[PDB]
file data12.txt (compact mmCIF, C-alpha atoms (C1' of nucleotides))
# COMPACT_ATOMS: atom_id res chain seq x y z
CA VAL Z 1 -19.48 15.19 11.69
CA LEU Z 2 -16.92 12.29 12.36
CA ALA Z 3 -17.26 8.64 11.01
CA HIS Z 4 -15.31 5.29 10.62
CA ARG Z 5 -17.73 4.00 7.85
CA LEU Z 6 -18.15 5.59 4.36
CA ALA Z 7 -21.75 4.29 4.11
CA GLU Z 8 -22.60 6.10 7.44
CA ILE Z 9 -21.75 9.54 5.92
CA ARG Z 10 -23.70 8.76 2.61
CA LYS Z 11 -26.84 8.26 4.79
CA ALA Z 12 -25.94 11.65 6.42
CA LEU Z 13 -25.56 12.98 2.77
CA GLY Z 14 -29.23 12.81 1.70
CA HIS Z 15 -30.84 9.64 0.24
CA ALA Z 16 -27.57 8.88 -1.65
CA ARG Z 17 -27.94 5.27 -2.93
CA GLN Z 18 -25.11 2.72 -3.31
CA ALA Z 19 -26.01 2.24 -7.05
CA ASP Z 20 -25.99 6.06 -7.62
CA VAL Z 21 -22.52 6.57 -5.90
CA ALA Z 22 -21.54 3.53 -8.08
CA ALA Z 23 -22.84 5.21 -11.31
CA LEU Z 24 -20.85 8.50 -11.01
CA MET Z 25 -17.66 6.46 -10.23
CA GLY Z 26 -17.95 4.49 -13.56
CA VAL Z 27 -17.92 1.08 -11.68
CA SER Z 28 -20.45 -1.55 -10.31
CA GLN Z 29 -22.65 -1.33 -7.15
CA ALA Z 30 -20.80 -4.53 -6.04
CA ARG Z 31 -17.46 -2.62 -5.99
CA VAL Z 32 -19.00 0.22 -3.84
CA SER Z 33 -20.21 -2.09 -0.96
CA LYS Z 34 -16.79 -3.95 -1.08
CA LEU Z 35 -15.55 -0.36 -0.71
CA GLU Z 36 -17.42 0.63 2.50
CA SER Z 37 -17.01 -2.97 3.82
CA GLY Z 38 -13.24 -2.60 3.14
CA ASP Z 39 -10.59 -1.60 5.69
CA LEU Z 40 -10.02 2.14 4.87
CA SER Z 41 -6.33 1.63 5.97
CA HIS Z 42 -6.39 -0.82 3.03
CA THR Z 43 -7.95 1.73 0.65
CA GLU Z 44 -5.81 3.79 -1.79
CA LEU Z 45 -6.70 7.49 -1.11
CA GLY Z 46 -7.43 7.86 -4.86
CA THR Z 47 -10.14 5.16 -4.60
CA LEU Z 48 -11.23 7.15 -1.46
CA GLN Z 49 -11.12 10.57 -3.24
CA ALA Z 50 -13.13 9.08 -6.22
CA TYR Z 51 -15.91 8.29 -3.62
CA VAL Z 52 -16.14 11.51 -1.45
CA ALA Z 53 -15.92 13.24 -4.90
CA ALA Z 54 -18.88 11.02 -5.96
CA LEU Z 55 -20.88 12.50 -3.00
CA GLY Z 56 -19.81 16.02 -4.14
CA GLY Z 57 -17.34 16.82 -1.25
CA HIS Z 58 -13.49 17.13 -1.63
CA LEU Z 59 -10.96 14.94 0.32
CA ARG Z 60 -8.59 17.05 2.45
CA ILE Z 61 -5.43 15.09 3.50
CA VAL Z 62 -3.49 17.04 6.18
CA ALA Z 63 -0.11 15.82 7.58
CA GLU Z 64 0.29 17.69 10.93
CA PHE Z 65 3.62 18.21 12.90
CA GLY Z 66 3.13 20.42 16.06
CA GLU Z 67 3.19 23.61 13.94
CA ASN Z 68 4.60 22.84 10.44
CA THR Z 69 1.61 21.12 8.75
CA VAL Z 70 1.52 19.71 5.16
CA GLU Z 71 -1.60 19.55 2.97
CA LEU Z 72 -1.33 16.79 0.30
CA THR Z 73 -2.35 18.00 -3.18
CA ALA Z 74 -2.11 15.03 -5.62
CA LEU Z 75 -4.80 14.14 -8.31
CA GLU Z 76 -5.09 12.19 -11.69
CA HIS Z 77 -6.62 8.59 -11.59
CA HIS Z 78 -6.16 5.74 -14.21
CA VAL O 1 2.71 24.30 4.81
CA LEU O 2 3.97 22.50 1.62
CA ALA O 3 1.86 20.41 -0.87
CA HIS O 4 4.00 18.05 -3.08
CA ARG O 5 6.39 15.01 -2.83
CA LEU O 6 6.63 12.87 0.35
CA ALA O 7 10.49 13.12 0.12
CA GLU O 8 9.78 16.89 0.24
CA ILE O 9 8.20 16.66 3.78
CA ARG O 10 10.94 14.31 5.12
CA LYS O 11 13.51 16.69 3.61
CA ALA O 12 11.30 19.48 5.11
CA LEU O 13 11.54 18.01 8.68
CA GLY O 14 15.03 17.53 10.20
CA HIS O 15 17.42 16.01 7.57
CA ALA O 16 16.05 12.49 8.45
CA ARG O 17 17.16 9.72 5.98
CA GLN O 18 14.89 7.15 4.20
CA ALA O 19 17.12 4.67 6.14
CA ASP O 20 16.07 5.68 9.71
CA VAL O 21 12.48 6.28 8.59
CA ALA O 22 12.58 2.80 6.90
CA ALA O 23 13.80 1.63 10.38
CA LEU O 24 10.94 3.29 12.39
CA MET O 25 8.76 1.70 9.63
CA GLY O 26 10.63 -1.68 9.92
CA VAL O 27 10.60 -2.15 6.10
CA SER O 28 13.57 -1.93 3.65
CA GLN O 29 15.05 1.54 2.84
CA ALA O 30 14.22 0.45 -0.75
CA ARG O 31 10.40 0.40 -0.24
CA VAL O 32 10.63 3.94 1.33
CA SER O 33 11.96 5.22 -2.06
CA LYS O 34 9.33 3.13 -4.02
CA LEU O 35 6.92 4.96 -1.63
CA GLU O 36 8.11 8.51 -2.49
CA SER O 37 8.76 7.38 -6.14
CA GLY O 38 5.12 6.16 -6.21
CA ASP O 39 1.82 7.84 -7.24
CA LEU O 40 0.09 8.89 -3.90
CA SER O 41 -3.32 8.17 -5.61
CA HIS O 42 -2.16 4.47 -5.87
CA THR O 43 -0.88 4.19 -2.20
CA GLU O 44 -2.74 2.68 0.81
CA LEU O 45 -4.24 5.27 3.19
CA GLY O 46 -2.30 3.56 6.06
CA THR O 47 0.96 3.22 4.02
CA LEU O 48 1.00 7.01 4.16
CA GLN O 49 -0.54 7.22 7.70
CA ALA O 50 2.45 4.97 8.65
CA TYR O 51 5.11 7.02 6.83
CA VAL O 52 3.66 10.23 8.39
CA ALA O 53 3.56 8.66 11.90
CA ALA O 54 7.23 7.60 11.41
CA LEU O 55 8.17 11.32 10.85
CA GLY O 56 6.47 12.14 14.23
CA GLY O 57 3.40 13.48 12.35
CA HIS O 58 -0.38 12.75 12.60
CA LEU O 59 -2.15 11.96 9.24
CA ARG O 60 -5.51 13.88 9.24
CA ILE O 61 -8.04 12.82 6.56
CA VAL O 62 -11.13 15.03 6.20
CA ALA O 63 -13.97 14.58 3.66
CA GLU O 64 -15.54 18.12 3.79
CA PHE O 65 -19.08 18.57 2.26
CA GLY O 66 -19.54 22.38 2.15
CA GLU O 67 -20.80 23.93 5.44
CA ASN O 68 -20.16 20.69 7.48
CA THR O 69 -17.15 18.26 7.30
CA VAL O 70 -16.46 14.60 8.33
CA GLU O 71 -12.99 13.85 9.88
CA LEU O 72 -12.17 10.17 8.99
CA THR O 73 -11.01 8.09 12.06
CA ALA O 74 -10.48 4.29 11.50
CA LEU O 75 -7.60 3.01 13.76
CA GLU O 76 -7.15 -0.69 14.86
CA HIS O 77 -3.70 -2.43 14.15
CA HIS O 78 -3.50 -4.75 11.00
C1' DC K 1 -28.11 -3.87 -0.69
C1' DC K 2 -23.95 -8.22 0.49
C1' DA K 3 -21.39 -13.04 -0.79
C1' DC K 4 -20.44 -16.12 -4.85
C1' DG K 5 -17.51 -17.32 -7.37
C1' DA K 6 -13.28 -15.14 -11.13
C1' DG K 7 -9.69 -12.84 -12.26
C1' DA K 8 -5.95 -8.63 -13.42
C1' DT K 9 -1.85 -5.65 -12.16
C1' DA K 10 0.93 -3.66 -9.10
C1' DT K 11 1.29 -2.57 -4.16
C1' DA K 12 3.75 -3.88 -0.66
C1' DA K 13 7.66 -6.42 0.30
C1' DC K 14 12.71 -8.49 0.21
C1' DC K 15 17.84 -8.20 -0.65
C1' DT K 16 21.85 -7.05 -3.45
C1' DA K 17 24.11 -4.12 -5.25
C1' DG K 18 24.37 0.13 -8.78
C1' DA K 19 23.93 5.31 -9.93
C1' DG K 20 23.79 9.85 -7.87
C1' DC B 1 27.51 8.18 2.05
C1' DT B 2 22.52 8.18 0.27
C1' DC B 3 19.10 7.03 -2.99
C1' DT B 4 17.47 4.68 -7.43
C1' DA B 5 16.92 0.90 -9.66
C1' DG B 6 17.72 -4.23 -11.15
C1' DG B 7 15.69 -8.77 -10.44
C1' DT B 8 11.36 -11.56 -8.13
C1' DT B 9 7.42 -13.18 -5.22
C1' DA B 10 2.84 -12.35 -3.81
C1' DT B 11 -1.60 -11.25 -1.13
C1' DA B 12 -5.99 -8.50 -2.09
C1' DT B 13 -7.37 -4.44 -4.24
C1' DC B 14 -9.41 -3.37 -7.77
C1' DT B 15 -12.39 -4.86 -11.52
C1' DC B 16 -16.34 -7.70 -13.44
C1' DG B 17 -20.61 -10.37 -14.23
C1' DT B 18 -25.20 -12.49 -12.36
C1' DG B 19 -27.81 -14.26 -8.64
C1' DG B 20 -28.29 -15.19 -2.59
call {"tool": "encode", "arguments": {"input": "data12.txt", "output": "structure tokens"}}
result
Amino acid sequence: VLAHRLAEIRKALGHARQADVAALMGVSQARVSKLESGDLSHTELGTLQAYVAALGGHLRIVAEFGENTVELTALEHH
Amino acid sequence: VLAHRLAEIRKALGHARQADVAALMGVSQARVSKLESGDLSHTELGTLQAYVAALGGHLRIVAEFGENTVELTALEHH
DNA sequence: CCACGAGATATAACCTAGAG
DNA sequence: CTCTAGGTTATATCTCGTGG
């Protein structure tokens, strides 16, 4: 219900395998480890979205400001 | 509670300039454009997290999976 | 399930002006 | 007076195979 590691949520999201979350994302199993090994801060949110999407949840990017908040609603990968 | 361009949220705050953000970001006031002229999807989760901090905001990334959600928290200086 | 080697383009970056 | 847009350089993010 709070995590620093993408792999750690996949384990929380049933028996999701690294080669299955690879398969739906149209890329290698290699790429996917290099993903959850990667610094998130040095992940493009697209490449992040693509993943959480791959586990069948939707990535909600809020920019808070004391009251005025801003939800970030941008899609369309290459 | 907007949803579109980064410039939009700056604009949306006090009439802050991409100059004195750039400053609080310590990069050119060029980049800051190339940021808001960019495709979010192809931007580093921190790039944003940085921009949004600079506007006195707190970037909040959730990956919600129906009933439960996972707030992403990965913070240790580059 | 990670490294081992291999290799794109473009993200993140500069400064110096040029369009709005 | 503010942003976009030349003109350049590059570190690593994003890709891949196959084999620790």
call {"tool": "interface_residues", "arguments": {"input": "data12.txt", "of": "chain O", "to": "chain Z", "cutoff": "9 Å", "atoms": "only C-alpha atoms", "output": "ChimeraX atom specification"}}
result
/O:1-6,9,13,39-47,49,52,55-66,68-75,78
call {"tool": "interface_residues", "arguments": {"input": "data12.txt", "of": "chain O", "to": "chain K", "cutoff": "8 Å", "atoms": "all atoms listed in the file", "output": "list in words"}}
result
residues 27, 28, 31 and 43 of chain O
call {"tool": "closest_residue", "arguments": {"input": "data12.txt", "among": "Z:15, Z:20, Z:38, Z:54", "to": "chain B", "atoms": "all atoms listed in the file"}}
result
Z:38
call {"tool": "interface_residues", "arguments": {"input": "data12.txt", "of": "chain B", "to": "chain Z", "cutoff": "10 Å", "atoms": "only C-alpha atoms (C1' of nucleotides)", "output": "VMD selection string"}}
result
chain B and resid 12 to 17
call {"tool": "atom_distance", "arguments": {"input": "data12.txt", "atom1": "CA of residue 37 in chain O", "atom2": "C1' of residue 8 in chain B"}}
result
19.2 Å
call {"tool": "decode", "arguments": {"input": "data12.txt", "residues": "range 29-75 of chain O", "atoms": "C-alpha atoms", "output": "mmCIF file, in the first residue's frame"}}
result
data_model
loop_
_atom_site.group_PDB
_atom_site.id
_atom_site.type_symbol
_atom_site.label_atom_id
_atom_site.label_comp_id
_atom_site.auth_asym_id
_atom_site.auth_seq_id
_atom_site.Cartn_x
_atom_site.Cartn_y
_atom_site.Cartn_z
ATOM 1 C CA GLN O 29 15.750 29.324 -18.683
ATOM 2 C CA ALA O 30 16.057 27.589 -22.102
ATOM 3 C CA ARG O 31 15.752 24.004 -20.724
ATOM 4 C CA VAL O 32 12.609 25.106 -18.725
ATOM 5 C CA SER O 33 10.898 25.872 -22.100
ATOM 6 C CA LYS O 34 12.272 22.594 -23.683
ATOM 7 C CA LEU O 35 10.641 21.062 -20.541
ATOM 8 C CA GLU O 36 7.162 22.572 -21.113
ATOM 9 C CA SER O 37 7.670 22.258 -24.940
ATOM 10 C CA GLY O 38 8.426 18.540 -24.333
ATOM 11 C CA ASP O 39 6.212 15.402 -24.292
ATOM 12 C CA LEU O 40 5.591 14.602 -20.527
ATOM 13 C CA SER O 41 5.584 10.831 -21.466
ATOM 14 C CA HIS O 42 9.285 11.326 -22.553
ATOM 15 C CA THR O 43 10.376 13.297 -19.378
ATOM 16 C CA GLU O 44 12.182 11.902 -16.273
ATOM 17 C CA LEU O 45 9.914 11.364 -13.244
ATOM 18 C CA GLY O 46 12.340 13.577 -11.212
ATOM 19 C CA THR O 47 12.674 16.240 -13.982
ATOM 20 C CA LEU O 48 9.005 16.890 -13.277
ATOM 21 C CA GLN O 49 9.273 16.188 -9.493
ATOM 22 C CA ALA O 50 11.986 18.921 -9.626
ATOM 23 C CA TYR O 51 9.967 21.421 -11.684
ATOM 24 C CA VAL O 52 6.946 20.854 -9.362
ATOM 25 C CA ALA O 53 9.105 21.253 -6.207
ATOM 26 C CA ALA O 54 10.482 24.530 -7.698
ATOM 27 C CA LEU O 55 6.858 25.892 -7.891
ATOM 28 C CA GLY O 56 6.481 25.096 -4.121
ATOM 29 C CA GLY O 57 4.471 21.952 -5.001
ATOM 30 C CA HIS O 58 4.788 18.235 -3.987
ATOM 31 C CA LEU O 59 4.731 15.694 -6.916
ATOM 32 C CA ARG O 60 2.465 12.753 -5.836
ATOM 33 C CA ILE O 61 2.721 9.576 -7.974
ATOM 34 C CA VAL O 62 0.135 6.863 -7.253
ATOM 35 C CA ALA O 63 -0.226 3.513 -9.097
ATOM 36 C CA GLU O 64 -3.836 2.575 -8.065
ATOM 37 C CA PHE O 65 -4.978 -1.093 -8.632
ATOM 38 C CA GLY O 66 -8.764 -0.968 -8.049
ATOM 39 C CA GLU O 67 -9.821 -1.244 -4.367
ATOM 40 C CA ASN O 68 -6.217 -0.698 -3.051
ATOM 41 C CA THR O 69 -3.527 1.795 -4.296
ATOM 42 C CA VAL O 70 0.317 2.106 -4.019
ATOM 43 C CA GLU O 71 1.740 5.665 -3.467
ATOM 44 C CA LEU O 72 5.267 5.697 -5.067
ATOM 45 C CA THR O 73 7.992 7.142 -2.709
ATOM 46 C CA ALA O 74 11.666 6.943 -3.953
ATOM 47 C CA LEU O 75 13.662 10.006 -2.652
#
